[PDB]
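**Student:** One file: entry02.txt (compact mmCIF, C-alpha atoms and all ligand atoms).
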```txt
# COMPACT_ATOMS: atom_id res chain seq x y z
CA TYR A 8 55.44 -63.23 39.25
CA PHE A 9 51.94 -62.20 40.06
CA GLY A 10 51.82 -64.37 43.20
CA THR A 11 54.98 -62.71 44.51
CA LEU A 12 53.56 -59.18 43.98
CA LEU A 13 50.43 -60.21 45.92
CA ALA A 14 52.46 -61.71 48.79
CA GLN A 15 54.76 -58.71 49.01
CA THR A 16 51.88 -56.22 49.05
CA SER A 17 50.07 -58.29 51.72
CA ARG A 18 53.30 -58.54 53.83
CA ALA A 19 53.88 -54.77 53.52
CA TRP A 20 50.31 -53.98 54.62
CA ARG A 21 50.46 -56.37 57.61
CA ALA A 22 53.92 -54.89 58.55
CA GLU A 23 52.41 -51.44 58.54
CA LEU A 24 49.43 -52.50 60.68
CA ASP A 25 51.83 -54.35 63.06
CA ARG A 26 53.84 -51.07 63.29
CA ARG A 27 50.76 -48.96 64.07
CA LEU A 28 49.59 -51.50 66.62
CA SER A 29 53.07 -52.01 68.23
CA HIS A 30 52.23 -49.97 71.39
CA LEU A 31 49.55 -52.47 72.39
CA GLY A 32 52.09 -55.25 73.21
CA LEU A 33 50.06 -57.79 71.21
CA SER A 34 52.93 -59.70 69.81
CA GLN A 35 53.02 -62.50 67.29
CA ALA A 36 49.77 -62.65 65.41
CA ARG A 37 47.74 -61.80 68.52
CA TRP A 38 46.14 -58.55 67.41
CA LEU A 39 45.01 -60.31 64.17
CA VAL A 40 43.10 -62.93 66.18
CA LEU A 41 41.37 -60.02 68.08
CA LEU A 42 40.66 -58.24 64.84
CA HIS A 43 39.05 -61.34 63.35
CA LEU A 44 37.01 -61.96 66.50
CA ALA A 45 35.82 -58.38 66.38
CA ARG A 46 34.74 -58.78 62.77
CA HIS A 47 32.63 -61.86 62.81
CA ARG A 48 29.27 -61.92 64.59
CA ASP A 49 29.40 -65.63 65.37
CA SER A 50 31.83 -66.88 67.99
CA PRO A 51 34.22 -69.17 66.10
CA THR A 52 35.56 -72.51 67.14
CA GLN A 53 39.40 -72.77 67.31
CA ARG A 54 39.30 -74.52 63.94
CA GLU A 55 37.34 -71.65 62.34
CA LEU A 56 39.59 -68.95 63.79
CA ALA A 57 42.80 -70.69 62.71
CA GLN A 58 41.43 -70.94 59.14
CA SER A 59 40.65 -67.24 58.91
CA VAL A 60 43.61 -65.80 60.87
CA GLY A 61 45.76 -68.04 58.72
CA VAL A 62 47.69 -70.13 61.18
CA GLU A 63 47.94 -73.80 62.23
CA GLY A 64 45.80 -74.91 65.20
CA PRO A 65 48.67 -75.47 67.70
CA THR A 66 49.98 -72.01 66.82
CA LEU A 67 46.57 -70.49 67.49
CA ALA A 68 46.37 -72.35 70.87
CA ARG A 69 49.50 -70.44 72.03
CA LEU A 70 48.18 -67.11 70.68
CA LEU A 71 44.90 -67.76 72.45
CA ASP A 72 46.72 -68.59 75.80
CA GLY A 73 48.31 -65.16 75.51
CA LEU A 74 45.09 -63.33 74.88
CA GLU A 75 43.20 -65.38 77.56
CA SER A 76 45.97 -64.61 80.09
CA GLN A 77 45.31 -60.90 79.43
CA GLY A 78 41.54 -61.39 80.02
CA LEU A 79 40.74 -60.52 76.35
CA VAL A 80 39.16 -63.83 75.34
CA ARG A 81 37.27 -66.79 76.89
CA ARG A 82 36.70 -70.27 75.55
CA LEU A 83 33.02 -71.05 76.18
CA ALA A 84 30.02 -73.20 75.14
CA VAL A 85 27.54 -71.13 73.19
CA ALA A 86 24.48 -73.38 72.64
CA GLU A 87 22.59 -76.39 73.96
CA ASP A 88 23.99 -78.10 70.78
CA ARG A 89 27.27 -76.19 70.51
CA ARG A 90 29.11 -77.60 73.45
CA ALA A 91 32.62 -77.32 71.99
CA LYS A 92 34.62 -74.34 73.09
CA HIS A 93 33.98 -71.18 71.10
CA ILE A 94 36.22 -68.18 71.38
CA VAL A 95 34.47 -65.14 72.69
CA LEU A 96 35.71 -61.62 73.41
CA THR A 97 35.34 -60.10 76.84
CA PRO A 98 33.95 -56.66 77.78
CA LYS A 99 37.56 -55.85 78.80
CA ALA A 100 38.57 -56.35 75.21
CA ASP A 101 36.22 -53.66 73.82
CA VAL A 102 38.31 -50.51 74.36
CA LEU A 103 41.11 -52.51 72.85
CA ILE A 104 39.22 -53.72 69.74
CA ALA A 105 37.86 -50.21 69.19
CA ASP A 106 41.43 -48.91 69.02
CA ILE A 107 42.62 -51.76 66.78
CA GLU A 108 39.77 -51.18 64.33
CA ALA A 109 40.36 -47.44 64.26
CA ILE A 110 44.06 -48.07 63.51
CA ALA A 111 43.26 -50.73 60.87
CA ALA A 112 40.87 -48.17 59.21
CA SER A 113 43.70 -45.62 59.21
CA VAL A 114 46.11 -48.03 57.45
CA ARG A 115 43.31 -48.92 54.90
CA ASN A 116 42.69 -45.22 54.22
CA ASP A 117 46.34 -44.50 53.71
CA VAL A 118 47.28 -47.56 51.59
CA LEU A 119 44.25 -46.88 49.25
CA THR A 120 45.44 -43.34 48.61
CA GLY A 121 45.23 -42.46 44.93
CA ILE A 122 43.33 -45.66 43.99
CA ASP A 123 40.01 -45.16 42.26
CA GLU A 124 36.91 -46.77 43.81
CA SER A 125 36.18 -48.58 40.50
CA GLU A 126 39.66 -49.95 40.26
CA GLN A 127 39.55 -51.10 43.90
CA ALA A 128 36.33 -52.96 43.05
CA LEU A 129 37.88 -54.54 39.99
CA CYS A 130 40.98 -55.54 42.03
CA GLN A 131 38.69 -57.22 44.57
CA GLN A 132 36.82 -59.16 41.87
CA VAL A 133 40.17 -60.49 40.49
CA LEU A 134 41.28 -61.55 44.00
CA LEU A 135 37.86 -63.21 44.68
CA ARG A 136 38.23 -65.33 41.48
CA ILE A 137 41.76 -66.35 42.40
CA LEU A 138 40.50 -67.37 45.81
CA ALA A 139 37.56 -69.35 44.31
CA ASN A 140 39.99 -71.05 41.92
CA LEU A 141 42.02 -72.07 44.92
CA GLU A 142 39.06 -73.04 47.11
CA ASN A 143 37.47 -74.97 44.28
CA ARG A 144 40.63 -77.20 44.21
CA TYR B 8 38.16 -55.46 54.58
CA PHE B 9 40.25 -55.15 51.51
CA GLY B 10 43.48 -55.97 53.38
CA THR B 11 41.94 -59.19 54.69
CA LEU B 12 40.86 -60.31 51.18
CA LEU B 13 44.42 -59.70 49.95
CA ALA B 14 45.97 -61.64 52.84
CA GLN B 15 43.57 -64.54 52.46
CA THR B 16 44.15 -64.82 48.70
CA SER B 17 47.93 -64.66 49.24
CA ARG B 18 47.74 -67.33 52.02
CA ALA B 19 45.59 -69.59 49.81
CA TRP B 20 48.04 -69.30 46.89
CA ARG B 21 51.10 -70.00 49.08
CA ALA B 22 49.21 -72.99 50.67
CA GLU B 23 48.57 -74.38 47.22
CA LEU B 24 52.21 -73.95 46.16
CA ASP B 25 53.36 -75.52 49.49
CA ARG B 26 51.00 -78.46 48.71
CA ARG B 27 52.39 -78.93 45.18
CA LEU B 28 55.93 -78.69 46.47
CA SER B 29 55.35 -80.97 49.53
CA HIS B 30 57.20 -83.98 48.01
CA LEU B 31 60.47 -82.05 47.97
CA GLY B 32 60.82 -82.05 51.81
CA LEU B 33 61.61 -78.33 51.81
CA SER B 34 59.82 -77.45 54.96
CA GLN B 35 59.17 -74.11 56.56
CA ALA B 36 59.71 -71.35 54.07
CA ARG B 37 62.70 -73.13 52.50
CA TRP B 38 61.42 -73.60 48.97
CA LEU B 39 60.49 -69.86 48.89
CA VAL B 40 64.10 -68.88 49.63
CA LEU B 41 65.19 -71.17 46.68
CA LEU B 42 62.52 -69.69 44.48
CA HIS B 43 63.68 -66.15 45.23
CA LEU B 44 67.32 -67.08 44.67
CA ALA B 45 66.38 -68.61 41.35
CA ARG B 46 64.59 -65.44 40.31
CA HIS B 47 67.10 -62.75 40.93
CA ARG B 48 70.27 -62.50 38.85
CA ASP B 49 72.34 -60.90 41.60
CA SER B 50 73.37 -63.00 44.58
CA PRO B 51 71.67 -61.36 47.57
CA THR B 52 73.07 -60.67 50.98
CA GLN B 53 71.16 -62.27 53.91
CA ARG B 54 69.55 -58.88 54.53
CA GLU B 55 68.30 -58.65 50.93
CA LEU B 56 66.93 -62.19 50.90
CA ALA B 57 65.10 -61.78 54.22
CA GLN B 58 63.42 -58.61 52.88
CA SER B 59 62.13 -60.31 49.75
CA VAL B 60 61.26 -63.76 51.16
CA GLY B 61 59.47 -61.87 53.91
CA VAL B 62 61.03 -63.14 57.09
CA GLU B 63 63.20 -61.80 59.94
CA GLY B 64 66.99 -62.28 59.62
CA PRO B 65 67.40 -64.88 62.42
CA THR B 66 64.56 -66.88 60.85
CA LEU B 67 66.31 -66.78 57.48
CA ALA B 68 69.62 -67.92 59.12
CA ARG B 69 67.88 -71.17 60.21
CA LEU B 70 66.24 -71.65 56.79
CA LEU B 71 69.61 -71.09 55.16
CA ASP B 72 71.33 -73.67 57.53
CA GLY B 73 68.78 -76.17 56.27
CA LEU B 74 69.36 -75.46 52.62
CA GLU B 75 73.19 -75.28 53.09
CA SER B 76 73.12 -78.65 54.91
CA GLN B 77 71.44 -80.11 51.80
CA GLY B 78 74.17 -78.62 49.53
CA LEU B 79 71.64 -76.27 47.82
CA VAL B 80 73.21 -72.95 48.81
CA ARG B 81 76.62 -71.47 49.73
CA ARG B 82 77.47 -68.25 51.52
CA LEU B 83 80.31 -66.66 49.52
CA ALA B 84 82.15 -63.40 48.71
CA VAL B 85 81.28 -62.23 45.23
CA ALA B 86 83.55 -59.23 44.50
CA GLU B 87 86.83 -57.55 45.43
CA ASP B 88 84.51 -54.96 47.12
CA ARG B 89 81.67 -57.29 48.10
CA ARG B 90 83.34 -59.26 50.82
CA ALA B 91 80.21 -59.91 52.91
CA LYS B 92 78.61 -63.27 52.46
CA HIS B 93 76.21 -63.50 49.53
CA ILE B 94 73.88 -66.42 49.11
CA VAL B 95 74.50 -68.38 45.97
CA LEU B 96 72.83 -71.48 44.55
CA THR B 97 74.83 -74.56 43.76
CA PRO B 98 74.81 -76.65 40.55
CA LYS B 99 73.17 -79.36 42.72
CA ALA B 100 70.27 -77.04 43.24
CA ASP B 101 69.46 -76.67 39.51
CA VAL B 102 67.33 -79.79 38.92
CA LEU B 103 65.54 -78.76 42.06
CA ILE B 104 64.89 -75.11 41.08
CA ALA B 105 63.77 -76.23 37.62
CA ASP B 106 61.10 -78.40 39.25
CA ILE B 107 60.05 -75.69 41.71
CA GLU B 108 59.66 -73.13 38.92
CA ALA B 109 57.69 -75.54 36.76
CA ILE B 110 55.35 -76.24 39.71
CA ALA B 111 55.05 -72.51 40.57
CA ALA B 112 54.12 -71.87 36.87
CA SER B 113 51.46 -74.57 37.14
CA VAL B 114 49.87 -72.97 40.24
CA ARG B 115 50.00 -69.50 38.48
CA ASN B 116 48.29 -70.95 35.39
CA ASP B 117 45.58 -72.58 37.42
CA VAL B 118 44.85 -69.72 39.87
CA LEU B 119 44.59 -67.23 36.90
CA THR B 120 41.96 -69.39 35.22
CA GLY B 121 39.09 -67.29 33.92
CA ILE B 122 40.84 -63.96 34.61
CA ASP B 123 41.25 -61.65 31.65
CA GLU B 124 44.77 -60.45 30.78
CA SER B 125 43.59 -56.80 31.01
CA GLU B 126 42.06 -57.30 34.38
CA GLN B 127 45.20 -59.07 35.64
CA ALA B 128 47.19 -56.02 34.50
CA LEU B 129 44.81 -53.65 36.23
CA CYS B 130 44.95 -55.77 39.43
CA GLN B 131 48.76 -55.55 39.33
CA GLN B 132 48.71 -51.75 38.93
CA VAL B 133 46.41 -51.45 42.02
CA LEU B 134 48.74 -53.70 44.06
CA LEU B 135 51.84 -51.74 42.87
CA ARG B 136 50.26 -48.44 44.10
CA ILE B 137 49.37 -49.98 47.46
CA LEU B 138 52.94 -51.17 47.78
CA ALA B 139 54.36 -47.73 46.81
CA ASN B 140 52.02 -46.11 49.35
CA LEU B 141 53.46 -48.43 51.94
CA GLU B 142 57.08 -48.11 50.83
CA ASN B 143 56.77 -44.35 50.60
CA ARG B 144 55.90 -44.33 54.37
HG HG C 201 44.12 -56.76 42.53
ZN ZN C 202 51.95 -48.65 68.43
ZN ZN C 203 37.66 -63.09 60.33
ZN ZN C 204 54.69 -82.62 46.46
ZN ZN C 205 63.05 -62.45 44.99
```
Reformat the file's structure so that it appears as structure tokens.
**Tutor:**
Amino acid sequence: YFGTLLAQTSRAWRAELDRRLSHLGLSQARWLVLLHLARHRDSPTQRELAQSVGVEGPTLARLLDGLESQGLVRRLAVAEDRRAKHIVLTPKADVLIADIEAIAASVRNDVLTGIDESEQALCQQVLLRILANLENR
Amino acid sequence: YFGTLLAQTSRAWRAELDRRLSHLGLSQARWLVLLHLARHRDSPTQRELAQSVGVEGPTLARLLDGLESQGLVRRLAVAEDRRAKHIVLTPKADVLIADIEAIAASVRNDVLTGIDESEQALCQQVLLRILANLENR
């Protein structure tokens, strides 16, 4: 049950990151929204962020209210022809994102212990094909 | 962001299974509880099932109320020295589980298209080490 092994490994890794991030009080998915904002250079729309964070739109709206309440995000227009609200991080958020990335790097280091760089690369190519098979549905 | 590629691939595969199962009206995780019951030979406790399905206990209790309401599961004692409630499938559930497994096999077939048996095996060994690294925390 290949799909089950993938889901279990993914759940275990996100549990471990949620544990290492637990001091930050960023409950529900909220730290994972921040992490994804930190990682893309474009400012996403709500629709784009929900896609990548992996959550329904109405769920993201609640997550975003939380982060916005804490002064970590704003919903803003970003171009003369991008008038919809885009989600942008604030300067306040930067000491926070720096810490979240450092902790996410720590979990990545530790969970990859003992795994060969070539085998990691091969594992990634298998996952990318599974994803293309799904996305090309 | 290896962890992100794993989570995205896992989310895409579970989305696809949820799509193929959508006619069965087994909303929230409920079909995934059934699938896990179908796949283990022992009857799990609530604690065991929550672990493997990947959900908090109180969340599983609601999922289970749903399935129990539909006559798909019972919570029962299973031994003279296993007096706690164990979750058992009903005979009613069998035409249902048969269909869910057939559909889960279809998704597995299709998402593995183009991926070599050796590379699948290698991918699984990488995931198993990541999981052991996490479980040996
Ligand atoms: Hg892999
Ligand atoms: Zn913490
Ligand atoms: Zn992202
Ligand atoms: Zn359906
Ligand atoms: Zn199971």
**Student:** Could you give me the residues within 7 Å of ligand HG 201 (chain C), counting only C-alpha atoms and all ligand atoms, as a VMD selection string?
**Tutor:** (chain A and resid 130 to 131 133 to 134) or (chain B and resid 130 to 131 133 to 134)
**Student:** Identify, on the basis of all atoms listed in the file, every residue whose closest approach to residue 30 in chain B does not exceed 12 Å; exclude the query and any residue fewer than 3 positions from it along the same chain; express the result as number ranges by chain.
**Tutor:** B: 24-27, 33-34, 38, 103, 106-107, 110
**Student:** Hey, what's within 8 Å of residue 52 in chain B if we count all atoms listed in the file and toss same-chain stuff fewer than 5 positions away? As a ChimeraX atom specification, please?
**Tutor:** /B:91-94
**Student:** One decimal, Å: what's the distance from CA of residue 43 in chain B over to CA of residue 111 in chain B, could you say?
**Tutor:**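 That distance, rounded to one decimal, is 11.7 Å.
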**Student:** Using only C-alpha atoms and all ligand atoms, what table do you get, as a Markdown table, when you list each residue of chain B with an atom no more than 9 Å from ligand ZN 205 (chain C), its nearest pair of atoms, and their distance in Å rounded to one decimal, rows by chain then rising number?
**Tutor:**
```
| residue | atom | partner | partner_atom | distance |
| --- | --- | --- | --- | --- |
| B:39 | CA | C:ZN205 | ZN | 8.8 |
| B:40 | CA | C:ZN205 | ZN | 8.0 |
| B:42 | CA | C:ZN205 | ZN | 7.3 |
| B:43 | CA | C:ZN205 | ZN | 3.8 |
| B:44 | CA | C:ZN205 | ZN | 6.3 |
| B:45 | CA | C:ZN205 | ZN | 7.9 |
| B:46 | CA | C:ZN205 | ZN | 5.8 |
| B:47 | CA | C:ZN205 | ZN | 5.7 |
| B:55 | CA | C:ZN205 | ZN | 8.8 |
| B:56 | CA | C:ZN205 | ZN | 7.1 |
| B:58 | CA | C:ZN205 | ZN | 8.8 |
| B:59 | CA | C:ZN205 | ZN | 5.3 |
| B:60 | CA | C:ZN205 | ZN | 6.6 |
```
**Student:** Record the distance separating CA of residue 99 in chain B and CA of residue 50 in chain B, expressed in Å with one decimal.
**Tutor:**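 Interatomic distance, CA of residue 99 in chain B to CA of residue 50 in chain B: 16.5 Å.
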**Student:** List the spatial neighbours of residue 123 in chain A as an MDAnalysis selection string - criterion: any atom at most 12 Å away, only C-alpha atoms, same-chain residues fewer than 2 positions off excluded.
**Tutor:** (chainID A and resid 119:121 125:130) or (chainID B and resid 129 132:133 136:137)
**Student:** Within 6 Å of chain A, which residues of chain B are there when counting all atoms listed in the file? Please give them as a VMD selection string.
**Tutor:** chain B and resid 14 16 to 17 118 130 137 to 138 140
**Student:** With all atoms listed in the file as the atoms that count, which of B:73, B:78, B:65, B:32 lies nearest to ligand ZN 204 (chain C)?
**Tutor:**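 Ranking B:73, B:78, B:65, B:32 by distance to ligand ZN 204 (chain C), first place goes to B:32.
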**Student:** As JSON, numbers by chain, please: the residues near residue 97 in chain A (cut-off 9 Å, all atoms listed in the file, same-chain neighbours under 3 positions excluded).
**Tutor:** {"A": [78, 79, 80, 81, 100, 101]}
**Student:** Quote the spacing between CA of residue 96 in chain B and CA of residue 113 in chain B in Å to one decimal place.
**Tutor:**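 Calculated distance between CA of residue 96 in chain B and CA of residue 113 in chain B is 22.8 Å.
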**Student:** For residue 104 in chain A, which residue out of A:28, A:36, A:67, A:41 is the nearest one, using only C-alpha atoms?
**Tutor:**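 Among the listed residues, A:41 lies closest to residue 104 in chain A.
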**Student:** Using only C-alpha atoms and all ligand atoms, which of the listed residues (B:69, B:31, B:84, B:64) sits closest to ligand ZN 204 (chain C)?
**Tutor:**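 Of all the options, B:31 lies closest to ligand ZN 204 (chain C).
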**Student:** Produce the centre coordinates and the three edge lengths, each in Å to one decimal, of the box along x, y and z that contains all listed atoms of range 21-38 of chain B with 6 Å added on each side, as AutoDock Vina command-line options.
**Tutor:**
```
--center_x 55.6 --center_y -77.0 --center_z 50.9 --size_x 26.1 --size_y 26.0 --size_z 23.4
```
